[PDB]
Amino acid sequence: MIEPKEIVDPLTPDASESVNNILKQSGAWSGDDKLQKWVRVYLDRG
Amino acid sequence: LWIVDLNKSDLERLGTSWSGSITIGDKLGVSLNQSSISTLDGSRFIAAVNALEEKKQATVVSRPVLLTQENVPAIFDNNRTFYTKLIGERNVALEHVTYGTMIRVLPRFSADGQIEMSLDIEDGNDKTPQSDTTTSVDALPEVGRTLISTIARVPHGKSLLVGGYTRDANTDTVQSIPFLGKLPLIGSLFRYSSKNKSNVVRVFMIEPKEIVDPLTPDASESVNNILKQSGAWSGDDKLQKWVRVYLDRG
Amino acid sequence: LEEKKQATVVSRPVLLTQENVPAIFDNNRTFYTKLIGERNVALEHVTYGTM
Amino acid sequence: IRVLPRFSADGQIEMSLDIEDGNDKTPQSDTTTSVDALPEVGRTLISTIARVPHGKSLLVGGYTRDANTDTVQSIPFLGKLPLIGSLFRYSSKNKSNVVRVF
Amino acid sequence: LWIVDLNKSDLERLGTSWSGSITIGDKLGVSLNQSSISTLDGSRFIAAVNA
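Chains as they are written, first to last, in the deposited numbering: chain A, 512 to 557; chain Z, 308 to 557; chain L, 359 to 409; chain R, 410 to 511; chain P, 308 to 358.
Set out below in structure tokens:
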């Protein structure tokens with residue numbers, strides 16, 4: 512089968528809230544660590 | 308960009324399957340299910356039951372980051388090899404999967420503030436027939452190869468999808484004996500049922516952002532918080548400081 | 359011997375472009391399944407390609 | 410690493426970067442701690458011009474990864490009775506999470 | 308330039324997995340999990356635990 516659709520809008524909600532609902536529920540969240548947060552924090556908010 | 312994978316599968320196997328032969332007085336030989344009498348004369352008929360089931364679930368989320376100027380190309384690619392510990396040190400073996408990634412882009416600015424880019428991306432492992440033992444494939448999940456070739460524009464600081472793949476599947480079979488598999492008392496001792504079900508999504512996202520500022524705090528304070536807490540700091544040594552000090556402050 | 363077999367599989371790719379520009383998507387996963395036995399060891403596998 | 414730098418007017422530096430780092434893919438270190446001794450880092454390659462103000466530090470590219478794995482292998486009938494039903498399980502979790510940035 | 312790496316992993320493995328076969332009076336043979344009787348007649352069923 513086939514079906515296209517037109518798209519003009521960004522994703523709602525945002526992608527940074529999608530994966531942070533994945534990683535805190537699949538059991539792989541990695542922001543608690545006080546050894547690795549010193550270099551992820553350069554990398555999440557700019 | 309955001310790679311993301313979700314895998315989920317369960318499988319069950321239960322039932323018997325019979326074979327073998329009998330004999331009567333060296334005058335007649337009755338065999339069940341292709342058991343040749345030319346290899347067996349008194350070996351009576353046997354059975355085989357299978358019982359095993361499991362539930363598998365695995366996720367993997369990876370992301371590359373890279374910056375350019377506008378109207379200039381750039382390439383990023385990467386491939387690590389992930390090992391896992393097969394059980395045994397003298398009875399020795401390993402198994403390993405390479406995990407490759409590639410991305411090249413060509414961005415520009417618009418008038419109203421949105422970014423337009425030009426994407427070829429790749430991700431996956433190479434097809435390797437390996438990990439022969441049952442949990443050896445279970446250790447490291449597999450993700451297939453993929454390739455996009457797409458220009459796509461997106462408003463400032465927000466996230467748009469660029470392509471994906473989903474898949475759902477079942478399987479059902481009931482293998483049995485024709486006459487004796489329907490009587491109510493022990494008729495379900497002659498079944499052989501094996502369901503199977505897996506369902507997998509995988510999608511590539513994208514989001515750019517504009518950047519004008521240097522990193523806050525500085526990088527020399529980042530690694531000096533790493534090395535004094537991971538336990539590898541090397542400024543205490545009175546034999547090696549005489550040449551690192553030419554090298555930290557100019 | 360007799361049996362009854364039934365199987366379904368439903369898959370979908372998604373992708374976007376602009377208008378009047380080409381684009382390619384292709385994919386191939388390999389699906390393993392657990393043959394019964396760990397020391398009596400064997401596997402079997404099927405690649406599933408899409409373009 | 411190869412580069413090609415120049416000065417700007419206001420004091421910032423603009424450079425031209427191709428860098429590489431890693432080991433070559435070697436199937437080796439067969440014993441269990443032999444891989445554990447020396448860690449592995451994958452190959453990487455950048456091709457990027459990037460400018461940065463004087464004396465401060467800017468990021469040029471990186472890679473992170475998170476993963477799980479869960480499986481519960483058991484016997485269908487006898488794996489649910491309360492008394493010794495958990496003697497027929499086979500559970501094996503797995504979890505790794507790795508960052509790396511230039 | 309500054310290379311930096313952080314790696315972290317943990318892994319656990321626990322449980323059993325069974326196999327083997329029995330016999331009754333040289334008249335019938337019941338086997339669990341692909342144990343062929345064509346290699347074994349009196350070798351009773353075994354287990355394997357990993358921890």
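In this text, a Cβ means the ideal position worked out from N, Cα and C, and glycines have one as well.
Contact between Z:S316 and Z:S505 holds, since their C-beta atoms are separated by about 4 angstroms, short of 8 angstroms.
In summary, the residues of the segment 464–489 of chain R whose CB is separated from some CB of chain A by less than 9 angstroms are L468, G471, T473, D475, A476, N477, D479, in the order they occur in the chain. P:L321 has a beta carbon lying within less than 7 angstroms of a beta carbon in chain R. If you look at A:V550, you'll find it in the alpha helix (DSSP H) that goes 548–551.
Contact annotation: the segment 374–390 of chain Z does not touch the segment 490–503 of chain R, with fewer than three C-beta pairs closer than 8 angstroms.
In the DSSP assignment, A:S527 falls within the alpha helix (DSSP H) that extends over 526–533.
Within a 10 Å sphere around the beta-carbon of R:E429 sit fewer than 16 other beta-carbons, which makes this residue exposed. Interface residue (Cβ-Cβ distance to chain Z less than 7 angstroms): R:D419 is not classified as such. Within chain P, the residues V311, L313 have their CB atoms less than 9 angstroms from the CB of A:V550, given in chain order.
Interface flag for P:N357 against chain L is unset, since no Cβ pair is found closer than 7 angstroms. Only residues of its own chain outside the window of five on either side were considered, and among them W325, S326, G327, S328, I329, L339, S342 have a CB closer than 8 angstroms to the CB of Z:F352, listed in chain order. Taking CB atoms only, A:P521 has a neighbour in chain Z less than 7 angstroms away. Think of a sphere of 7 angstroms around the beta carbon of L:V404: no beta carbon from chain Z falls inside it, the nearest being about 11 angstroms out. For Z:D475, the uninterrupted beta strand (DSSP E) run begins and ends at 467–483, by DSSP. Taking CB atoms only, Z:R351 has a neighbour in chain P less than 7 angstroms away.
Here the segment 361–370 of chain Z makes no contact with the segment 434–453 of chain R; the two share fewer than three CB pairs at distances below 8 angstroms. In this model, Z:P414 and Z:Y472 are separated by some 26 angstroms (Cα to Cα).
For the pair of segments examined, the segment 455–465 of chain Z was found not to touch the segment 477–488 of chain Z: the number of CB pairs separated by less than 8 angstroms stays below three. In the three-state scheme derived from DSSP, where H, G and I count as helix and E and B as strand, Z:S345 is classed as helix. Residue pairing of Z:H403 in beta bridges, as defined by DSSP: Z:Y390.
By the neighbour-count definition (other C-beta atoms within 10 Å, threshold 16), Z:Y553 is an exposed residue. Residues of the segment 495–510 of chain R with a Cβ closer than 8 angstroms to any Cβ of chain P, in chain order: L496, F497, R498, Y499, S500, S501, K502, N503, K504, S505, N506, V507, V508, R509, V510. Straight across, the Cα-Cα distance linking Z:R411 with R:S443 is about 36 angstroms. In this structure, R:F511 is the residue among R:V507, R:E449, R:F511, R:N503 with its C-alpha nearest to the C-alpha of Z:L374. Spanning the alpha carbons of Z:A400 and R:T441 requires a straight line of approximately 9 angstroms. Rounded to the nearest whole angstrom, the C-alpha separation of A:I513 and Z:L359 is 40 angstroms. Taking a Cβ-Cβ cut-off of 8 angstroms, the neighbours of Z:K516 in chain A comprise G557, given in sequence order. A distance below 7 angstroms between beta-carbons, with the five flanking residues on each side excluded, links Z:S425 to the following residues of its chain, in chain order: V412, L413, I458. By the neighbour-count criterion, in which 16 or more other beta carbons inside 10 Å mark a residue as buried, A:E517 falls on the exposed side. C-alpha of L:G395 to C-alpha of Z:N357: approximately 10 angstroms in a straight line. In this structure, DSSP gives Z:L335 an extended state, which the three-state scheme calls strand.
For Z:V444, the enclosing alpha helix (DSSP H) starts and ends at 443–446. DSSP lists Z:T480 as the bridge partner or partners of L:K363.
Put simply, the backbone Cα of P:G336 is about 11 angstroms away from that of P:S345. Interface with chain R (7 angstroms Cβ-Cβ cutoff): A:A539 is included.
Using a CB distance cut-off of 7 angstroms, R:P462 counts as an interface residue toward chain Z.
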